[PDB]
Structures are given as structure tokens and as C-alpha cells.
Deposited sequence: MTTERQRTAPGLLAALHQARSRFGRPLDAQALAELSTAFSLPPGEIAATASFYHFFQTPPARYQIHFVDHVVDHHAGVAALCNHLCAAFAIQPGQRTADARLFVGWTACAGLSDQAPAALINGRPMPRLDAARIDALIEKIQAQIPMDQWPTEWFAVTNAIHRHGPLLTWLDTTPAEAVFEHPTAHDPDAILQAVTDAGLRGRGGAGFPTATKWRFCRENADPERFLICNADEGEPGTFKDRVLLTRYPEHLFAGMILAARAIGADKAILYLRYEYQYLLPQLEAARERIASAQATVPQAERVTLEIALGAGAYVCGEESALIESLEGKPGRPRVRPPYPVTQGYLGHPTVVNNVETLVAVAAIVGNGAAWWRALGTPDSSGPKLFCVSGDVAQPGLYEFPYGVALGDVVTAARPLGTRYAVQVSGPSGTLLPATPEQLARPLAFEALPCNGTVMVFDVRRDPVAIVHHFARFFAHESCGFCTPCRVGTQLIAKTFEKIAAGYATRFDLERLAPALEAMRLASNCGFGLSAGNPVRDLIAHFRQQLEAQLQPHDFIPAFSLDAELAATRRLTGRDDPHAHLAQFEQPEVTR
């Protein structure tokens, strides 16, 4: 028996239930129920950001995201903290208030933001914090706080075919179609469409579905990934808010295609405000299943995460569902062969499954029409940052970056753009870069595009992402656990103004090791901001460094020669 086989499936939900503190009497109870020692349950709890909060009547987490910082979130955090004589990360002597930080909470289009007792509060300002202070000083329950404080917008500033179709059509209209009856037909439809994953890896969905069908095991699972954790990304938030019934339809179609008795929506903690809507939309789409009730119908279920970017990783998600820390698995065996509780399992992203509902509705020709040959279909783009209209923009795959940037109406003079979140590419806003088509074959993009104008320091942006990756690393494997920390600490030195050229060059071998020796995609991802920073902002960077004549054996230039100057599904799926 290894650590991996120490499963406790209901445990995550049971830990949610037990917090509405995690004391030795509550641990002893869960220890009984799941047949695991109390310290082992506590250890699993420690993995999750929101199970670590000191207990307090109001638990405020300011969003530590690059865009929120630009919109002045730090000053607001201090403004509230100062009123109660506490520092971020700690709690008042009377346990009334805890103030802390969390990573991007899917509110990049509505910065600056914070979560308060698991409820989002976007577009904060000095005025709101002053009112917030009054409510807390006077002990007013959140029941009675103005509902509009918690209102999350979902502005869509460009409709294309997919969005129009979602508005026009009812969710259950797809189940009348002939294709919805036949599992092989759905697979064939999706295959023909050329649908590639919208989670950020871009793996063909048909191939992934075939791997899961080719197993002898009758029991299977479809999992929908709504742990939208990539900073700057809110595309799945919109779909989950506006089009939940369509998602659950796409989950049922995907489940039938692979032969799954059960389906599970994995929803991040930060979107638990959407839970009542999703539950109601689940109820409704449960009854629209035909054929072939009652023994062939797919059960729909919803699991709530607890604060961990890495649990967005395919296998880590499953491990989380199995009641363990969210550590990516050692593969093979892959989840398609042996996944949730050993049974063949497919994980698909919210948008990917919504695309499936569309493809069954209007067929493969409809889909492949749009976008490029390799990158087929329409794509949702979540734009934010220094732009006049942040929000969702539907475009076809292959759209030039500059088109999408321009369509949002940039505020200052363009300077730099983060494509596909911190995992992707930091680019200077130059014509040749902006001409590049957003597609798997050219400049990949999960939809996230963050615009930064001339007021923004690229070195400070990478420092933000560095702290993110350092805090989010699951901690399982050497190069990522340690490398991510090395990068962050180098950027502490830069910010403190005593970093040398040696301090920077010595990261080169760490980046290489992270790229090559890591156990999941996180390790490659986490080196990209600095790699891009050195590729395109060398002089800005060097300007802040002291002199040092260190001769590297493996230099930063050699790391760049191996990467940007010439793939993520390599870690997640077997090969063809």
C-alpha cells in the first residue's frame, strides 16, 4: 500500500461540512468515518488554501492578482488592516476579523476584488472599505449587507456563432437530435469537428475519448473541470453563470459517448456563489435525458474544491476527489486507463464540454468551418487589464492578437500583453507580435489576454507571477518545489535593489530542470514568465541589477535557445 492508495472519496466535502474550527474532536470524528488517523486528515486539509484560514467571524481574502494590484488592491488591503491594527495574514485578538490574500479568484475583469466568507466582492474602492469597516465594527451579519456589493458582472462584448446559438437554443433541444441517442455518433461528430481541449493543453478530445472506450472496465467517469485557476481567466465563469444547462447537457453527451454511469462537475471554491444556480440547472437537465432511462442515464454530481491552482491539473483533480492532497499522479497509468477510483476517467474543461453540446446540435461541418484547420471552432477570450471594456469576446481561432487587444479598447499606450495567463507568454506590444494568430499552431491561448500599458513594469509583473507559482506548487517533485521558490527569492532581491547579474544567471539551470524533470505541466509553465522577461525585456531587467562577472556553464541564453526560439499534453496523456 502506497500513499496514493490511501483514498477517502467523500472527505473534501466532509471537510467543507465540518467548517459551518477543525479541532481534535472534529478530526477524531472524520478519523472514525474515513478510517484514517487524525493527523493524516489534517495533513490533507493543510493542502487547501481555504482550509488553512484562522477561524473568524469575517474572513476577508484580497485577490493577489497582477491586475488587482494595478487597480490598487494593496492600498485597500492596508486601509482595512490599519483600521483594526492587524497585518495581512493575521487575525484580530477577538477573532472578529481575519484579513489575508488569495490568488486570482476569476474576477480579473472586475478588479480590485476580495472574497469575504467565500462570497466575491468585486470593484472595491476606498468608499466600500470604509463601509466595510463600519459593518465589521458594528458586527452586522452578512445576511443584511447590500446584495449589490456581491454582484459579479459577465459582460460579453462580442457575440459569435457559439454565443448566439447558446442564447437562441434551449439546452435540452440537443436531445431531440438523432446524434444524441447514439454514443458512436457523438464520438464521430466530435472527431470530425476536430475539437481540441479548451483547458490550455489543447489535446484532441476524440483521441482522449477513444482511450477511455478501449478499456475492458465497464465503470467509467466523466469529470468537468471548473477549477478555473489560471490567473486572468474567467471564460468558464461566464459559461457557468449564463449557460449552466448547456454545460450539463455537454456533460451528459460526453458521458454517453464514453459509457459513463456517473458524471462530476469539479467547481473551484471561489465559484461557490454559483452553486444554487448550478444545482437548479442540474435538476432540470437531469430530467431531459432520453434515451435510455432509467438504467442507462448519467448521474450528475457537483464537487466543491478548496483553494489550489494545481487541482486544475487533470490527475490532481482526481486525487482531490479521492480525498487526498492535490498532487499530480505519476503516470502511467493515465486516468483514461485508470482514473477516479481506478476506473477509466475523462476530464474535460467547461468550454470543451459546452463545445460538445454545440457540435451535437449543428454537426461537425458547422464547427470545422470556423477557425483554422488545426485549431477548429470558435474560441472565447477573457480580456482584462489596462483596457476600457474588459470581458468576454468570442472570436474564431486564428484571430490576430492585436484584433482582440484592439477590440477591448486599450487605455494607455500599448506596452505588453500576457497571453494565456502566466503559464503562457508575456509579449511586448509590437506590430509583429500583435499580427500573430491566436491558435495552437502559432501563438497558443486558452482565451486569457491581459493588457498592460506603459505605466507597468514587466519585472514587477513577473515577480507577481513568481509568487503565484511558488505558493501554488503542490510540492511533490524536486525541481518545481524548489525551483519555483528560487525564482521568487531572486525577485525579492531585485525588488530590494541589491540583486546582481549572478543572482539572475544562476536561475538558468533551475529553469532547465523544471522544464525537463518535473512530474506535471506546472514546472514548465512556472519558468515562462522569466524566460519571456529575458527574451523581450532584457534591458529593463538588467537596469535593476548590480554588476557581477560570473561565467555561467549554462546561461540564460542557452535556456532561451532550448525553448522560445524554435507539448503540455506530453505530461497528461499517452502518445499517438
- Item | Stretches with no C-alpha atoms in the model, relative to the deposited sequence starting at 1 | 1, 22 to 25, 572 to 579, 590 to 591
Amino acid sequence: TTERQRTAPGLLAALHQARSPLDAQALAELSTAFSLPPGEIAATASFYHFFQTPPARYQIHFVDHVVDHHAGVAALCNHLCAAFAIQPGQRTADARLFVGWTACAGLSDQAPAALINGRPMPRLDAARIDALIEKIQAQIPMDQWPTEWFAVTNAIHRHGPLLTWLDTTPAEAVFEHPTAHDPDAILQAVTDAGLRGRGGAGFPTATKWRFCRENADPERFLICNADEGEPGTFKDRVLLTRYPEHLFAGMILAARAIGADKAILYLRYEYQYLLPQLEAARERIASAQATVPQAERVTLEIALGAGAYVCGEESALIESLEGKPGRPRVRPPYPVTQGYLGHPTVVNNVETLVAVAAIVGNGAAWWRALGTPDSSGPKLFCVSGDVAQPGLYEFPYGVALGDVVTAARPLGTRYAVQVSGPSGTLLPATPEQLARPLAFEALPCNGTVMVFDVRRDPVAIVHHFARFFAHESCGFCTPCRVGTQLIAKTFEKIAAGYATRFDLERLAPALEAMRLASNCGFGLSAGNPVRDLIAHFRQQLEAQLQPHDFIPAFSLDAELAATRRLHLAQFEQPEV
From here on, numbers count along this sequence of modelled residues.
- With B-factors read from the PDB entry, the higher C-alpha mean of 177 to 185 and 258 to 266 is in 177 to 185
- Query: When the C-alpha temperature factors are averaged for each of 28 to 36 and 515 to 523, which stretch ends up with the higher value in the entry?
  - Reply: 28 to 36
- Of the residues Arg481, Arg368, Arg456, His471, the one whose Cα carries the largest B-factor in the deposited record is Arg368
- Task: Compare the CA B factors listed in the entry for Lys493, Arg414, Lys235, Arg467 and report the winner.
- Result: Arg414
- Third of the chain's Cα B-factor distribution that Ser46 belongs to, per the entry: lowest
- Note on the structure: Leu533: CA temperature factor from the record, placed by chain third, in the middle
- Message: Where does the C-alpha B-factor of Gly197 rank in its chain, lowest, middle or highest third?
- Response: middle
- Item | B-factor third for the C-alpha atom of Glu228 within its chain | middle
- Item | Third of the chain's Cα B-factor distribution that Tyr309 belongs to, per the entry | lowest
